[PDB]
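Basis: the model, the stated rules and, where named, an outside source; these are not laboratory values. Methodologically, a virtual Cβ is constructed for each residue, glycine included, from the backbone with ideal geometry; neighbour enumeration extends over all protein chains shown.
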There are 2 protein chains.
Amino acid sequence: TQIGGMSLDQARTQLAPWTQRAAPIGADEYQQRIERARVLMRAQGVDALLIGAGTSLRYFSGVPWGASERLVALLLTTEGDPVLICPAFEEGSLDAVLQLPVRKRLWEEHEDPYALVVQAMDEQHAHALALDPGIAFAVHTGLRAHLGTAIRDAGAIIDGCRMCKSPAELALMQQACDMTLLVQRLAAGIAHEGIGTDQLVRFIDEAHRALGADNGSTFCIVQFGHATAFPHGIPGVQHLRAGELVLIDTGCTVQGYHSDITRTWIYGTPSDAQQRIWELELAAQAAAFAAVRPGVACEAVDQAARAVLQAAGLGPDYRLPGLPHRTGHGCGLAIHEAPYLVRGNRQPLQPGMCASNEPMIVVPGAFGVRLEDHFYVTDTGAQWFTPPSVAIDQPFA
Amino acid sequence: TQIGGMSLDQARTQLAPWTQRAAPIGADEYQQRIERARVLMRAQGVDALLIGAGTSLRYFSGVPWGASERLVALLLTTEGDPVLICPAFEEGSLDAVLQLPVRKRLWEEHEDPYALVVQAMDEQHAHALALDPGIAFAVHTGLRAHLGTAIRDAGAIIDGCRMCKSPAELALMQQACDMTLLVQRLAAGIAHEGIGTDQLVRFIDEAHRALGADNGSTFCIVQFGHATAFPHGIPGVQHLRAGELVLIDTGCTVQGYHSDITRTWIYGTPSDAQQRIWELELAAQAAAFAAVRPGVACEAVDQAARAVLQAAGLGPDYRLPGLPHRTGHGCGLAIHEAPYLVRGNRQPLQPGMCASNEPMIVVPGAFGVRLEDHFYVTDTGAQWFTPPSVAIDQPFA
């Protein structure tokens with residue numbers, strides 16, 4: 001009853017604007033994020049931090065622009081006011097989206113914005129710069145035209161801020177997750193024999209828009225049959241046949257905060273192998289979740305999932321049939337961010353950290369089954385953002 | 001008659017799949033691109049080049065993936081086989097998109113992919129590394145765990161390849177341009193009193209999808225009235241009134257190659273100020289185009305536009321009312337790429353180079369007019385991809 005049987009008009013009935021709307025991040029929280037960065041900067045012996053346009057600029061200042069070839073950045077020092085370096089011609093647009101008071105340092109098109117960075121450093125007597133690791137290497141080149149000191153990687157500082165989500169961030173992610181879960185459920189409902197992956201992609205986009213996502217689907221991967229064996233996917237449109245597994249990974253954003261949910265369900269009658277592998281996926285996901293509480297090493301969450309698969313005769317390690325990639329990854333203002341649930345990572349989990357749990361099983365040459373639901377770490381355990389699937393033919397709890 | 005008066009039914013009649021489809025880039029062209037890189041590498045004293053996932057990896061190998069936190073990269077040496085460094089789990093998906101034969105070096109999730117880069121360099125005795133300036137700084141960090149030799153900026157090498165488009169690249173851009181130009185024309189047609197910016201965005205996205213773009217609109221800015229004064233825009237939805245200028249900047253991709261066209265037209269009767277400014281924009285754009293031929297400094301193209309505006313009493317330089325940003329930028333597999341039509345840039349134009357021509361006039365507190373059409377440089381002049389607008393109330397030639 002969850003797979004097939006829903007008409008488009010039945011689906012549309014459940015597609016009004018979301019009414020449980022989480023609050024936007026307020027200016028006081030942006031200030032707290034800045035202050036936190038300053039504490040981590042001082043602990044690392046860093047007195048200047050340069051953040052580039054993108055998810056980290058959005059985190060510290062509210063500016064949601066993507067990175068471009070023009071330097072738009074926030075320079076934070078240990079004690080000075082933050083400085084926002086920006087093309088002069090963009091100031092009006094900047095003013096409309098900035099949520100944080102900053103000094104602006106504007107540059108005209110032929111001027112050197114890197115020199116403005118280094119002058120702001122000099123004014124504040126700052127010598128030890130850490131640079132956003134997501135920023136384009138070109139910024140390194142521009143900075144090095146003016147600075148002779150070594151430029152450090154700002155990852156530990158930025159992760160140290162972003163990894164633990166506040167109550168307001170959690171609620172914005174919760175909203176996105178709730179919306180996406182509904183859309184996943186509606187997509188399974190409208191599926192039928194012969195439906196195209198492209199029709200599902202369009203519907204899912206439309207549904208996410210109707211509910212009030214920032215911009216429809218952030219992405220959408222739909223895979224039928226053998227294509228489900230490819231964790232990243234394959235080009236091409238497909239049409240649904242009985243006996244095929246269907247894997248749908250999609251998500252949206254609410255105020256930039258991401259959902260990212262994967263469901264794998266059977267259309268028609270599953271093989272014994274499909275059923276067996278499906279349930280082992282659910283079990284591995286459950287085992288990872290049960291390992292989650294404060295103080296647990298990220299690698300131990302991955303190993304919990306892996307150990308279930310090994311016991312059942314899959315793997316070991318990354319061997320197929322089995323789990324060829326990590327159990328999960330962090331999520332927030334980016335789709336992938338720290339912390340990473342991966343062998344070798346000793347990062348301890350802490351309250352407020354968010355991460356996917358998606359220990360995909362790939363059966364080489366045959367199919368794959370991926371269940372993905374995110375969780376956050378609580379004071380004494382873990383909270384699912386979305387409840388996990390129940391059966392191969394019941395994708396929704 | 002171009003503005004208003006078209007129903008959605010009339011517009012849909014013109015929205016069948018594009019039938020004049022340019023050919024995909026072939027395997028020999030990818031090989032030519034690699035060879036060209038090697039020649040430029042040698043002229044710069046560089047014997048290793050690392051290209052990250054994104055537009056440049058797509059250019060050299062066909063792989064279209066976006067950059068992620070996982071290193072996906074092409075290492076090219078002077079004379080060795082190109083090496084593709086890739087997560088092991090992604091190999092099957094990689095094989096399905098790679099258009100260039102390479103030696104794969106696969107890394108498991110807990111392994112260090114930077115160690116593979118440096119091993120491949122060591123085997124080839126290649127230690128003068130240049131790094132893709134579009135690649136995340138993080139790569140610098142990873143590399144520095146293994147290499148103490150210099151890590152150079154690869155911009156001159158990459159631009160040296162990508163700036164001059166081949167006949168097949170030009171034809172793919174031409175397709176995207178033709179498709180977008182039609183979409184722009186239809187959007188003007190369907191406009192009417194009270195229409196929302198948001199409705200024009202949706203329609204343009206749907207129209208690009210119908211014509212067979214890679215993924216709808218790449219982007220879309222629609223501005224009415226006072227909002228046309230913001231080159232990059234402002235949040236919010238607007239509704240059309242007579243006497244407002246309407247600015248629409250949008251584009252799509254075909255096989256990753258970009259269109260990007262801006263039209264500015266009057267809904268209703270224009271003021272004398274709007275008319276006057278509109279025609280000065282057309283003139284400045286025309287003046288830039290007439291300066292284009294091989295050997296001309298990019299900055300001279302900018303200056304040609306600026307000189308017209310100054311003669312008419314606007315500017316000077318970047319002063320408003322006038323032109324607050326550069327006259328244009330290069331375009332290809334990225335929306336913005338070399339060469340930049342900007343004061344200070346002495347890069348000579350050469351056959352096959354592609355660039356926008358959009359010397360926008362902003363009248364502060366009032367409105368802006370941007371016309372954007374792209375051209376390529378020919379052996380003896382310039383070729384418009386799209387013909388420029390004719391009048392304030394005739395946006396299409």
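Checking every residue in segment A:300-312 against the condition of being within 12 Å of chain B (Cβ to nearest Cβ) and assigned to a loop (DSSP other than H, G, I, E, B) gives zero matches.
Every condition in (1) part of a loop (DSSP other than H, G, I, E, B); (2) among the hydrophobic types (A, V, I, L, M, F, W, C); (3) over 16 Å from residue A:366 (Cβ atoms) is met by residue A:234 except one, and the failing one is (3). Among the residues of segment B:320-354, those identified as more than 22 Å from the chain's Cα centre (by Cα) and more than 10 Å from every other protein chain (Cβ to nearest Cβ) are B:321, B:322.
Among the residues of segment A:325-357, those that are in a loop (DSSP other than H, G, I, E, B), closer than 17 Å to residue A:219 by Cα and touching a residue at least 12 places away in the same chain (Cβ under 8 Å) comprise A:331, A:332, A:333, A:334, A:335. Taking every residue in segment B:96-124 that is hydroxyl-bearing (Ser, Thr, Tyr) and pairing it with any residue that is assigned to a helix (DSSP H, G or I) and crowded, with 17+ Cβ neighbours inside 10 Å, at least 6 positions away or on another chain, the pairs with Cβ-Cβ distances below 7 Å are B:114/B:142; B:114/B:143. Give the residues of segment B:46-62 that are within 12 Å of chain A (Cβ to nearest Cβ) and touching a strand residue (DSSP E or B) at 6+ places or on another chain (Cβ under 8 Å), sorted by residue number. The answer is B:50, B:51, B:52, B:53, B:55. Among residues of segment A:366-397 being farther than 17 Å from residue A:225 by Cα and of a type in the set (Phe, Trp, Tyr), the one that is surrounded by the fewest Cβ atoms within 10 Å (Cβ to Cβ) is A:384. Cβ-Cβ distances below 8 Å connect the following pairs, each with a first residue in segment B:52-79 that is closer than 13 Å to residue B:135 by Cβ, a second residue that is of a type in the set (S, T, N, Q), and a separation of six or more residues or different chains: B:53/B:68; B:74/B:61. Scanning segment B:95-115 for residues that are more than 28 Å from residue A:235 (Cα to Cα) and aliphatic (A, V, I, L, M) yields one hit, B:115.
When each of B:81, B:47 is tested for being acidic (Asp, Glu) and crowded, with 21+ Cβ neighbours inside 10 Å, the lone residue that passes is B:47. Take the residues of segment B:235-257 that are in contact (Cβ under 8 Å) with a residue 60 or more places away in the chain and more than 14 Å from chain A (Cβ to nearest Cβ): which is surrounded by the most Cβ atoms within 10 Å (Cβ to Cβ)? Here the residue is B:252.
Would you say residue A:363 is surrounded by 23 or more Cβ atoms within 10 Å (Cβ to Cβ) and assigned by CATH to the domain that holds residue A:169? Against the criterion (surrounded by 23 or more Cβ atoms within 10 Å (Cβ to Cβ) and assigned by CATH to the domain that holds residue A:169), residue A:363 does not qualify.
The criterion of being surrounded by fewer than 19 Cβ atoms within 10 Å (Cβ to Cβ), out of contact with any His (no Cβ under 6 Å at 6 or more places or on another chain) and more than 26 Å from residue B:251 (Cβ to Cβ) holds for residue B:294.
In segment B:79-111, the residue that is farthest from the other protein chains (Cβ to nearest Cβ) out of those that are in contact with a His (Cβ under 8 Å, 6 or more places away or on another chain) and closer than 21 Å to residue A:306 by Cα is B:87. Scanning segment A:153-205 for residues that are acidic (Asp, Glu) and either over 20 Å from residue A:256 (Cβ atoms) or crowded, with 20+ Cβ neighbours inside 10 Å (or both) returns A:153, A:169, A:193, A:198, A:205. Right, residue A:2: crowded, with 16+ Cβ neighbours inside 10 Å, touching a residue at least 40 places away in the same chain (Cβ under 8 Å) and either not assigned by CATH to the domain that holds residue A:126 or not in a strand (DSSP E or B) (or both) or not? Criteria met by residue A:2. Scanning segment B:143-177 for residues that are part of a strand (DSSP E or B) and either touching a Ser or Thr at 6+ places or on another chain (Cβ under 8 Å) or under 30 Å from residue B:383 (Cβ atoms) (or both) yields B:153, B:164. If you go through segment A:118-142 and keep only what is touching a strand residue (DSSP E or B) at 6+ places or on another chain (Cβ under 8 Å), within 14 Å of chain B (Cβ to nearest Cβ) and assigned to a helix (DSSP H, G or I), you end up with A:137, A:138, A:139, A:140, A:141. Out of everything in segment B:104-125 that is closer than 26 Å to residue A:343 by Cα and charged (D, E, K, R), what residue ends up being surrounded by the most Cβ atoms within 10 Å (Cβ to Cβ)? Ranking the candidates gives B:109 first. Provide a single number: the residues in segment A:198-219 that are of a type in the set (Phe, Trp, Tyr) and either in contact with a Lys or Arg (Cβ under 7 Å, 6 or more places away or on another chain) or part of a helix (DSSP H, G or I) (or both). So the count comes out to 1.
A count restricted to segment A:314-324 and to residues that are under 27 Å from residue A:220 (Cα atoms) and aliphatic (A, V, I, L, M) stands at 2.
Scanning segment B:222-232 for residues that are within 18 Å of the chain's Cα centre (by Cα) and without any contact (Cβ under 8 Å) to a residue 24 or more places away in the chain turns up at least one hit. On the given criteria, is residue A:50 over 30 Å from residue B:306 (Cβ atoms), assigned to a strand (DSSP E or B) and not aromatic (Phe, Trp, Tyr)? Against the criterion (over 30 Å from residue B:306 (Cβ atoms), assigned to a strand (DSSP E or B) and not aromatic (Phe, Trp, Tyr)), residue A:50 qualifies.
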